[PDB]
Participant: 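To start, I am sharing the structure in question, which I have written as structure tokens.
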Amino acid sequence: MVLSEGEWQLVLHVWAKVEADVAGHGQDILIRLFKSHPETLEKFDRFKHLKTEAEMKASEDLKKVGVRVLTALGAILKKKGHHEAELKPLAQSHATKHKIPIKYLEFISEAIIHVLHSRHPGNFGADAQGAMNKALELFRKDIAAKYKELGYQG
Ligand code: HEM
């Protein structure tokens, strides 16, 4: 798939608002994930222990990870589709070290859209949301293809 410049602009425009507070958004997206799809939390040996949303909120470690998640995602989005190089090492670690199914990338996508929707209503109307969904869809499809090449495709 291919996004139009207009669609990229909508993505980048909300993203710029996310960038005003990476850590806070990182935290909101992960907690959202963990709450909606608790099975995802099992994938994190580091966080597995966290029982309640309050604990999750208090975890500096969880916060730290959210920043790394968003930072990486942000770098990919800014590439506007030319993200081969950035994807490689991400696909390698997620497929071979972390074993993260495409399904779970679907769930995080859903959490991202949910949080942007809540926090940036004015910059996240139907068009912007559609643009974001395409971008996240393109990410997922390219990562899936890499998984396959790497022997995981799952
Ligand atoms: C938007 C998609 C995601 C991006 C951009 C992303 C990015 C990252 C990055 C950059 C790191 C550090 C380097 C590395 O290990 O690759 C990381 C670690 C990790 N990620 Fe992803 N990831 C995403 C989705 C997920 C999902 C959905 C899960 C599981 C449900 C997952 C599980 C992990 C785990 C368990 C680690 C290592 C955590 C630790 O021991 O600190 N990630 N992730």
Side-chain angles (χ1 to χ4, degrees), residues 1 3 7-8 10-12 14-19 21-53 55-120 124 128-154:
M1 25 182 320
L3 273 77
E7 298 167 327
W8 283 118
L10 289 162
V11 165
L12 299 177
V14 229
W15 200 256
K17 312 306 197 197
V18 173
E19 296 194 326
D21 173 26
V22 182
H25 289 79
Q27 191 149 178
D28 281 2
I29 289 161
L30 288 190
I31 286 165
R32 170 81 194 182
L33 181 66
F34 299 153
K35 283 203 318 218
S36 303
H37 310 270
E39 64 263 39
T40 55
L41 180 62
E42 283 201 58
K43 284 295 170 162
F44 289 88
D45 295 8
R46 222 148 102 185
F47 314 131
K48 247 172 9 210
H49 66 294
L50 307 177
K51 287 159 189 292
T52 67
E53 180 187 343
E55 303 186 343
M56 284 176 204
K57 276 159 167 241
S59 173
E60 209 78 341
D61 246 26
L62 177 49
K63 176 133 78 351
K64 303 201 322 271
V65 174
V67 166
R68 278 159 208 167
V69 166
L70 291 200
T71 300
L73 174 66
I76 280 162
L77 292 174
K78 295 160 169 5
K79 286 331 291 307
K80 288 153 69 163
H82 294 100
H83 55 220
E84 318 54 55
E86 286 82 18
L87 228 65
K88 287 149 113 80
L90 209 232
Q92 188 173 37
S93 76
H94 284 64
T96 154
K97 161 74 183 285
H98 314 300
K99 277 81 128 193
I100 301 302
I102 296 293
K103 173 69 113 140
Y104 291 5
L105 300 181
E106 303 178 36
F107 300 155
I108 197 160
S109 295
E110 164 191 324
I112 287 160
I113 276 170
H114 173 92
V115 170
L116 299 197
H117 175 98
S118 292
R119 298 177 62 144
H120 305 289
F124 210 72
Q129 180 173 334
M132 188 58 80
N133 177 63
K134 267 182 79 151
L136 290 174
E137 261 183 24
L138 168 74
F139 168 70
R140 287 200 315 274
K141 145 183 76 15
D142 293 354
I143 271 252
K146 265 44 98 210
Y147 269 18
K148 185 147 210 357
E149 282 174 279
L150 299 168
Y152 177 70
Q153 179 51 20

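FYI, side chains are in, hydrogens and waters are out, and symmetry mates aren't considered; it's all heavy atoms of this structure. All ligand and atom numbering here is 1-based and tracks the order in the structure. Positions are given from 1 along the sequence.
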Participant: Side chains of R119 and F124: closer than 4.5 Å at any heavy-atom pair?
Facilitator: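 They are not in contact (no side-chain heavy atoms under 4.5 Å apart), so the answer is no.
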Participant: Quick check against the 3.5 Å criterion: does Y147 have a side-chain atom that pairs as donor or acceptor with the backbone of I100?
Facilitator: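 Present.
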Participant: Not counting sequence neighbours, which residues clear salt bridge (charged side-chain N to carboxylate O under 4.0 Å, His left out) with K35? List them please.
Facilitator: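 Counting only residues at least two positions away or on another chain, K35 forms a salt bridge (charged side-chain N to carboxylate O under 4.0 Å, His left out) with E53.
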Participant: Going by atom types only, do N133 and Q129 share a side-chain donor-acceptor pair under 3.5 Å?
Facilitator: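 Per modelled atom types, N133 and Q129 side chains form no pair under 3.5 Å.
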Participant: Quick check: do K99 and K43 have side-chain heavy atoms less than 4.5 Å from each other?
Facilitator: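 Side-chain contact under 4.5 Å: yes.
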Participant: Run the side-chain contact (heavy atoms from CB on, under 4.5 Å) test on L41 and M56 for me, step by step, so that the C-alpha distance in whole Å, both residues' side-chain angles and the decisive distance to 0.1 Å come before the verdict.
Facilitator: CA-CA 11 Å; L41 180 62; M56 284 176 204; 4.1 Å; yes
Participant: So what's ligand 1 close to, N/O to N/O, under 3.5 Å?
Facilitator:
from, atom 1, to, atom 2, distance (Å)
ligand 1, 15 (O), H98, NE2, 2.7
ligand 1, 16 (O), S93, OG, 2.6
ligand 1, 20 (N), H94, NE2, 3.3
ligand 1, 22 (N), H94, NE2, 2.9
ligand 1, 41 (O), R46, NE, 3.0
ligand 1, 41 (O), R46, NH1, 2.6
ligand 1, 41 (O), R46, NH2, 3.3
ligand 1, 42 (N), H94, NE2, 3.3
ligand 1, 43 (N), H94, NE2, 3.2

